[PDB]
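Peer 1: Next up is a structure, given as structure tokens.
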Amino acid sequence: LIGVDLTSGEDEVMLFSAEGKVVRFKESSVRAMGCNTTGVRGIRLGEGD
DNA sequence: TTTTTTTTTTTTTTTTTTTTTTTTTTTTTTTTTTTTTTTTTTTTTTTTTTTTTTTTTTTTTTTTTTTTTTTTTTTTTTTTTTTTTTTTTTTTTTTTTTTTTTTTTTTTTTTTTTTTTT
């Protein structure tokens, strides 16, 4: 499913919150400007559940 | 004066078509059955002061495994093309307004005759 969707601008740092006690931060500018009906880019090597 | 040719509507009854009585399938419609909303009050739940012993964060230091890292080659991403769907101009058709032209039906009442059934 889709975890959550927020509307953001360039150079705004985004954080994740795993349900197995994890939190990460990657500048949003690192990742390429995606398009519709495409695949996805990995973010977090979240092992297990 | 007798006798000879031709013309059509009827004895027609049968073939073709039309008209008129019929009853399977998807679209309506009334019923029962399950989702919603407002009150009473009711034990019951729940909001807020005081005290208390607790158990997790912050002085300080340690390491190691996730954060550094560079690079090969994949493969998702993007490009062009074409098909399918959505949506809006365009057109067509139909309805209502008020003076005109035309029509068409259902029943009482009595008395007499046809026209079927028993």
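Here, A, B, ... name the chains of the structure tokens in the order displayed, residue numbers run from 1 inside each chain, and ligands are numbered from 1 in the same displayed order.
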Which residues come within 12 Å of residue 40 of chain A, counting only C-alpha atoms (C1' of nucleotides), excluding same-chain residues fewer than 3 positions away, as an MDAnalysis selection string?
Peer 2: (chainID A and resid 2 31:37 43) or (chainID B and resid 76:77)
Peer 1: So how far away is atom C1' of residue 78 of chain B from atom CA of residue 45 of chain A, in Å?
Peer 2: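 Answer for the atom CA of residue 45 of chain A to atom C1' of residue 78 of chain B separation: 27.2 Å.
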Peer 1: Just checking: using only C-alpha atoms (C1' of nucleotides), which residue out of B:115, B:75, B:88, B:110 ends up closest to chain A?
Peer 2: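 Once distances to chain A are computed over only C-alpha atoms (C1' of nucleotides), the minimum belongs to B:75.
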Peer 1: Between atom CA of residue 14 of chain A and atom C1' of residue 66 of chain B, what is the spacing in Å?
Peer 2: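 These two atoms are separated by 20.7 Å.
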Peer 1: Give me, as a list in words, all polymer residues having an atom no more than 12 Å from residue 21 of chain A, counting only C-alpha atoms (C1' of nucleotides) and skipping those fewer than 2 positions away in the same chain.
Peer 2: residues 16, 17, 18, 19, 23, 24, 46, 47 and 49 of chain A
Peer 1: Now that the selection is made, can you save its residues with C-alpha atoms as a compact mmCIF listing (two decimals), in the first residue's frame?
Peer 2:
```txt
# COMPACT_ATOMS: atom_id res chain seq x y z
CA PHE A 16 10.46 8.05 7.80
CA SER A 17 9.12 6.22 10.94
CA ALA A 18 9.31 2.37 10.67
CA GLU A 19 6.92 0.33 12.91
CA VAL A 23 13.74 6.79 11.77
CA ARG A 24 15.74 8.07 8.71
CA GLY A 46 14.05 -2.40 6.46
CA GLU A 47 14.63 -6.04 7.33
CA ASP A 49 8.40 -6.55 9.13
```
Peer 1: Compare A:9, A:39, A:20, A:3 by their minimum atom-to-atom distance to chain B, counting only C-alpha atoms (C1' of nucleotides), and give me the closest one.
Peer 2: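 The closest residue to chain B is A:39.
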Peer 1: To one decimal place, how far is atom CA of residue 44 of chain A from atom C1' of residue 63 of chain B in Å?
Peer 2: 25.3 Å
Peer 1: Counting only C-alpha atoms (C1' of nucleotides), what is within 12 Å of residue 30 of chain A, bar same-chain residues fewer than 5 positions away, as a VMD selection string?
Peer 2: chain A and resid 10 to 14 25 41 43
Peer 1: With DSSP run on the backbone, what are the strand (DSSP E) residues within chain A? I'd like them as a list in words.
Peer 2: residues 14, 15, 16, 17, 18, 22, 23, 24, 25 and 26 of chain A
